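Asker: Mind having a look at this structure? Questions to follow.
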Amino acid sequence: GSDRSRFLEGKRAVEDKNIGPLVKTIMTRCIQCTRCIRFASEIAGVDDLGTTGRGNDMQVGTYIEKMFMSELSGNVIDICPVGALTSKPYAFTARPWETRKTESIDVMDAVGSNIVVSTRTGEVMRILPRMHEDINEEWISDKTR
Amino acid sequence: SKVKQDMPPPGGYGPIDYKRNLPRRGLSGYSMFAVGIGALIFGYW
Amino acid sequence: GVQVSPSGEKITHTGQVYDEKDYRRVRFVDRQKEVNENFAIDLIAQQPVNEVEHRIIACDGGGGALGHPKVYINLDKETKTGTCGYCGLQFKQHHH
Amino acid sequence: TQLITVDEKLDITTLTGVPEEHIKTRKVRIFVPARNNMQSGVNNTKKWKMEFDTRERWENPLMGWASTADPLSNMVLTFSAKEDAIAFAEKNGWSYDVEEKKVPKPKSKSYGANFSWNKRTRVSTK
Amino acid sequence: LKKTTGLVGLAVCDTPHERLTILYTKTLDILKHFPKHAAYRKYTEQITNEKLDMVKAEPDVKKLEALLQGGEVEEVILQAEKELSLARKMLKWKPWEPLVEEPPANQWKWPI
Amino acid sequence: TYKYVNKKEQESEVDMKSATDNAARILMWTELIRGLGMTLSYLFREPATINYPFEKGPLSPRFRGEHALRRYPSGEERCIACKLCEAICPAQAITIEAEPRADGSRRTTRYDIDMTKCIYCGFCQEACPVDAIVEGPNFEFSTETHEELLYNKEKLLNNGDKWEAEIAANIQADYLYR
Amino acid sequence: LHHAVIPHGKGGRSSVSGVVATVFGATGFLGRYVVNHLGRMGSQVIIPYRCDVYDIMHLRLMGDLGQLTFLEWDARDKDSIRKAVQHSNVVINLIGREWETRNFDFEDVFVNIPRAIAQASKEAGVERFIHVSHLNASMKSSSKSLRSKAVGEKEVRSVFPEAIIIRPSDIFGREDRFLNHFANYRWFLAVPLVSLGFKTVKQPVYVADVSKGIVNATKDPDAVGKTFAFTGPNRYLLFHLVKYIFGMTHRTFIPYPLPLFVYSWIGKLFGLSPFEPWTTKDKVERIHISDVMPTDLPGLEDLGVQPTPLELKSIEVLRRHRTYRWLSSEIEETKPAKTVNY
Amino acid sequence: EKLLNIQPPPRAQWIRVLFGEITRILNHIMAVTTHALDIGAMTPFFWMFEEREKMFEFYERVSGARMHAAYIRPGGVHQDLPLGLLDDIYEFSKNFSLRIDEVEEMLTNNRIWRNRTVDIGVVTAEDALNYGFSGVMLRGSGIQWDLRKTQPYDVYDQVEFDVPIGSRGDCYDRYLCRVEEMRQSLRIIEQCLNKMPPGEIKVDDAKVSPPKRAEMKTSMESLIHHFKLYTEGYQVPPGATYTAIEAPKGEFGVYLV
Amino acid sequence: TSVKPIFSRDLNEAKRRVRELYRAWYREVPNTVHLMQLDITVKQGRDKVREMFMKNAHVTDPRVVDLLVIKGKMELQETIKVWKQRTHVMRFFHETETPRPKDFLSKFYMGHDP
Amino acid sequence: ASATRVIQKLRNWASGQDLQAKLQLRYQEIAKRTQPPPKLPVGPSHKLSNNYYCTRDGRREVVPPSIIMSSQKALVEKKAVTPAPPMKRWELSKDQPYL
Amino acid sequence: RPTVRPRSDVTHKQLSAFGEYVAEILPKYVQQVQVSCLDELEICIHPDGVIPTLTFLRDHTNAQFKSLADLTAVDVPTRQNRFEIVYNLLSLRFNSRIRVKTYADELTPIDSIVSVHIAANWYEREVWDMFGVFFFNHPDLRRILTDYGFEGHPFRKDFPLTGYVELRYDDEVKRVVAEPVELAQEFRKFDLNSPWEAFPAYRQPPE
Ligand SMILES: NC(=O)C1=CN([C@@H]2O[C@H](COP(=O)(O)OP(=O)(O)OC[C@H]3O[C@@H](n4cnc5c(N)ncnc54)[C@H](OP(=O)(O)O)[C@@H]3O)[C@@H](O)[C@H]2O)C=CC1
Ligand code: SF4
Ligand code: SF4
Ligand code: SF4
Ligand code: SF4
Ligand SMILES: [K+]
Ligand SMILES: [Zn+2]
């Protein structure tokens, strides 16, 4: 991108949702990329997310007060490029430059999915998925996350 | 609101001496030797 | 508001008090454990809610560049006031 | 006249000055680091990292900081090739575990599958 | 006629035309022992021949220094005798030979 | 261009008057008497010494002193636990452990600055996006133990509450340059 | 165990060993070595002091960033003792004097203060109490200090029934009052020994050995009420010991038989001093009291400490007292003293 | 900057030259006065250290610190000058040559100082070149070399000054060279004060220099670049350079890879 | 296979250089103990020299043996001068630190270290 | 500045130079400590138009160094050259040669 | 463009011509000649030709580089010869700078150039002290910057930032003693690498 902004107007703002105790939604910073919608339709297959409205007012989420709680539901936190869908337990605790990454495997599931444990100062801060095309591809489940 | 910034005066700053400046003073050698010899002769007498 | 542990020492705004059997109170023996009396959570709880007219309100910290980055808060929910993320200021749409 | 035959394994651990504990009782890991799943960029892959096994990081009694006892904790070493990393580990005398590079599989991508006539790939939302 | 060179440790060195002449002729005579295909021989013969030509052309010290552009004429003399020493050392060596050994493939690759 | 510092142009020959002048310079110690006069003039000048604890040395509003954590005029802490001051800290002197507060705001639980490790460079105060961490004008905070210079969040907030009447005025006088 | 007392961390000087300990004689001579070992292994050391902060300045290092907490105390202030011992797993008692002052005598120093410290430790519920008595401080001894240490040993046993009681011999080391005392005998004409230094057997013990024994006692699963005898590996006659000391000093050696009656008179004359006395009657009595054979008591060997011999760790003490002529002499220039068995 | 292929703005370059000559005066004051202190005279040390205190006050006004003023940066200059700084620099520099004259009169013609420094530590020009001195010993031995004249970097190519040249290669000639370099630094300071240009303070590239704080708090790209420059920093394209600057003590070089 | 030597063609003259260095250290130990006021004896220092040679005595590469000889000569040179102090020459003995035990029971009782 | 005329005359004569003109204590000629607020200018590339970053991206103008010869890539009458033209001799200063 | 440096293609061409000159004068040793876009000439040679290359550049008439500016080493521990020894040379006569590179490993020394430049004495002492690169025929080659009893070469990539030992005063032995290092803070490494490439001009071909 460029190094400056020519935007001299007021920015839009979108009211937040209450999608669950795992995914915190600050939807003001969503860029309307429909990645969560495509994931929840194809991989998770719940068909609960979508776009309501038109134009600059187009919003992502559920039209109703819906509790989006399935297994494999932190992967929207993974695939959301902006911080619109963040992890509620991993709320404000660490930063990626802080976190040391150890590549390990998963228990409490006999799939044995590959994960990365993000620790910091001798304390486990986050569990991210790894990439193994023969076990878990790019994502993990909610219990292991 | 015009641009305000640390700038020199429009005519520029004044002259600044930078060369070595020594006063170049003192009596001549003949005068100092003469007054020393005169003090010597007066004291001897 | 500062509180006092049953051990006796004060409790900080992030409550971290040493236990009864914790040895790390000799560092306070013959000295003091200083706690900032002005708890920011209480100080921002006692701030009034700003009544504004528009659906979207812009927040600084109170100065053009002395405040925080200028954000926008959407006051569409009538049930709850919109709080700016940097300060703790709350805004409510004056819908009358 | 200037070439001699040496059939050793190029051991320099007596010259490196490392204590024998951090030579013998140490396990290095050779690996292409995994892609950070929070981002789609892949530039942090494609270089072979050598790291050490993590030791104890305990809590400082005074301040609560993370205290450590081993010096080879932040010892990320970068290599352009797996064989180069193996040779460096063997030369310094560390036991190594090397794991293969996990390239993503090439995938068939077609935009027209989202509007299929009979297959299940037809989406319900753009 | 020159009183000082201005550089400490550099002597005044009167009659510099004869000294430059004998240094350049010695450099040429020792360059005659190099192989004909030696690029060092070819280039050093060019340099020494043109400097000897201008030292024969110009009889005045100041104008000769202006033509040579190697600082003072005593600096030129010192450079000439150092070139003679290099010619002897490069006769002892044999730098015109092919490359002794190819480097490894990633030896000069940056960044890694 | 260039100039000589000790080279002389030609010579002034030998003359009886010049020889007598040089002889008087050597025998009568004229340059030594001149140096005596110079330091005598310095004796009769006025000294530049200030009475220290009563007359302090001059400073500037940009001065980097003791660290402090500031607050909004509402009383809310300015810091939002974003950690980029410790990211830019060239001495790794800051530790910014954090968690959501009871009201859900993004605040810090541990904000430690090791003043024995800090190099007093102001990178934290020029990196902070909300003007939370500042380097106020306090420099007379020398302690008798090493531990008292290991600041925590309570100490930094106390310094911010103590020096806010001066830090705010300095930032007011300075913020248009930065 | 409470979570902050778990011994996590390799080695020492930056780790936690869970040996939170209040050391009461830390400002003296054995106390500096005990505090050094505790701070080296990495431990919370509470030092109550009554001397100047300048006099405790040498203890301000050898601890890592708040692992050493200094606090004032008074020997007549039960509140000060209680606030010293109220956060401590282990209390180590090293209070002692070689003389009697106007305020504190031998009975108070070796009985009343250890009893008060043990009582406060018991009421605060500390886990271990190590108390340093003396070897051959049994009972009915010729000197008042040894009888007082025996009575205080009984009092500490009565109040704190599981107190470890460590009885070292005459401890030698740097800035001691045994080797330096015998080396400072050179400032007079001769060496006034009782019965020419014969029929008096000593086995001095090293400071590092005693401090290592104390640290191993405060970490040891055993020693929950036991009495240890900390002695050196070799027993020497007093004459041979003083002759070895003056041989290592390279000064001279002229002994002199002096009866104990007039030697106690001279000791009282020297002890009549408002400052720290050079010697006293109790000091010469403890000098001429022979050490007992440690038969059934455990010691450094089963506390895990190898007793370093005086012939090994003697040059680091007596090299000060040499002149310039003999300053650069090694161990082999002095023949070792004859070791008796008896 | 050479690795990044960017140039600081002209106002930043002129400020960098002005404070370069200020550092040169500071360093030559320190060198001459501490050399005289080691020889045995301390009054020039006290006088020129009062002057050095004034220049440290200039540093404390232009930045935070008196000494370790992290001010000159790859993005030109961190912050602009406060409004009275140029006038106060002029007021210092118009009186400064008198102080150099006082020290010059105290030391230069003094026969004790001459006996202590003349024909002491004589370095020939060829030996200085072979030993790689390269800073002040070259021009003390007579070698006409100064990086500000031969390989100019900032606006030194458009300031005017002279390079003092020794002729005996001894301590006295080096002392004279340092005093004359102080005088020429005063000359360059006058030229910089006259020709300070009205521009911006840092290179207007937000991917290298941090933006202004107002723009950071009001703009999205500015906040993103502020965040990334103060967490990760700018990526320098790969390559190696050797950059040499005529520091007051000599050729100060950085080999950056 | 086919490397360039630095001083020694094979292991024999490398061992010869090792013996020369050991002779020099063995001769220098008494002078070091006399000059620097060391607490140790002459026997202890020579045993320490033998211990260092033994802990380096498992390498069969002539270049590595030559480099060890060179570094030993440098250390011997700064011990011949008093560039090394009492602290520097007593750092070889590790008189302060407690050695970590070699048994699994002790290494299990304290620390999670192999 | 607050010195008598006799002391000023003594100082000037003893120093050999006029001291009241250039005395090293600052009294009133310095700037006021309280200054009016500034208004710093914006530099170039604040143009809001014709200001694409790809046209002023100096950081990505850097290219890898050009190989003149290589023992691998190349696998390999004319005049002798110099790294640069020889440096012209410095001119003596005209305001003060001091030679 | 006020934010981009000028190029000076004239001095780039001059340095290219001189690189051709040196490469054809010394084909026995020169392995690579490159000129950067910053107009700096680098000549990468075989380690056997350090003495002839440095002597030619010290006193050749057209190449008078009589002043040695810098002598350093760069540890790249992924190539076979892990040390790149770099000489930065200054020509006062022609007002130029050249860079000469050679390579070494832990067991392959390089001939010292003290006979060519005397500053190379201390510079090669520093290189040996910080990287363990031995230098043949060096007078009094020894440590110059490390502690007297220091073990290991700390500027290597595999050496830790904090080292292996630390010093403290011990009152029992009354000395300054060395212990294994135990940090109370544990220096936090930061992964400050963007997963997006910044310079497409340096994009390496895939393996
Ligand atoms: N040292 C030896 O040779 C032997 C010693 N012991 C015993 O071991 C113990 C420790 O030995 P050591 O180091 O030599 O003793 P010290 O002479 O060094 O004194 C020990 C400590 O006792 C403190 N102390 C003494 N009197 C009082 C008092 N009235 N009130 C408060 N504190 C007091 C001193 O504090 P301050 O400095 O403030 O006065 C000092 O810190 C003693 O009990 C001693 O009797 C046993 C056998 C041999
Ligand atoms: S993945 Fe994130 S940015 Fe994309 S549409 Fe969903 S919430 Fe918005
Ligand atoms: S970090 Fe990314 S998602 Fe978060 S506010 Fe900034 S640009 Fe938006
Ligand atoms: S002033 Fe600099 S060193 Fe100190 S805390 Fe701030 S960023 Fe860190
Ligand atoms: S002090 Fe400022 S920069 Fe540091 S974490 Fe808080 S808000 Fe961020
Ligand atoms: K996300
Ligand atoms: Zn706000």
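Numbers in chain J come straight from Swiss-Prot, and the residues shown are 2-77, 91-113, in order.
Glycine too: its Cβ is placed from the backbone N, Cα and C atoms.
Checked Swiss-Prot, it gives:
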- J:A2: N-acetylalanine (MOD_RES)
- J:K40: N6-acetyllysine (MOD_RES)
- J:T96: phosphothreonine (MOD_RES)
- J:102-113: compositional bias 'Basic and acidic residues' (COMPBIAS)
Asker: What Cα-Cα separation, expressed in whole Å, is found between the residue listed as 'phosphothreonine' and the residue listed as 'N6-acetyllysine'?
Answerer: 51
Asker: What whole-number Å value do you get for the CA-CA distance of J:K40 (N6-acetyllysine) and the residue listed as 'N-acetylalanine'?
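Answerer: Here the two Cα atoms are 36 Å apart.
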Asker: Sequence gap of 6 or more, Cβ distance under 8 Å: name the residues on the same chain that satisfy this around J:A2 (N-acetylalanine), in order along the sequence.
Answerer: J:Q21, J:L24, J:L26, J:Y28
Asker: If you draw a 10 Å sphere on the Cβ of the residue listed as 'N6-acetyllysine', how many other Cβ atoms land inside?
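Answerer: Excluding its own Cβ, the residue listed as 'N6-acetyllysine' sees 11 Cβ atoms within 10 Å.
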Asker: Counting every protein chain present, what is the number of Cβ atoms, excluding its own, within 10 Å of the Cβ of J:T96 (phosphothreonine)?
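Answerer: That number is 19.
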Asker: May I ask you to report the DSSP-based helix, strand or coil state of J:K40 (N6-acetyllysine)?
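Answerer: Its secondary structure by DSSP: strand.
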Asker: Suppose we call a site close when its Cβ is under 8 Å from a Cβ of chain K; which of the modified residues J:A2, J:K40, J:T96 are close?
Answerer: J:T96
Asker: As a quick check of your reading of DSSP, tell me how many residues in the compositional bias 'Basic and acidic residues' (J:102-113) are helical, how many are strand and how many are coil.
Answerer: 0 helix, 1 strand, 11 coil
Asker: Per DSSP, to which secondary structure element type does J:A2 (N-acetylalanine) belong, with helix, strand and coil as the options?
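Answerer: Going by the DSSP assignment, J:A2 (N-acetylalanine) belongs to neither helix nor strand, so it counts as coil.
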Asker: According to DSSP, which kind of secondary structure is J:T96 (phosphothreonine) found in, if we only use helix, strand and coil?
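Answerer: The three-state answer is coil.
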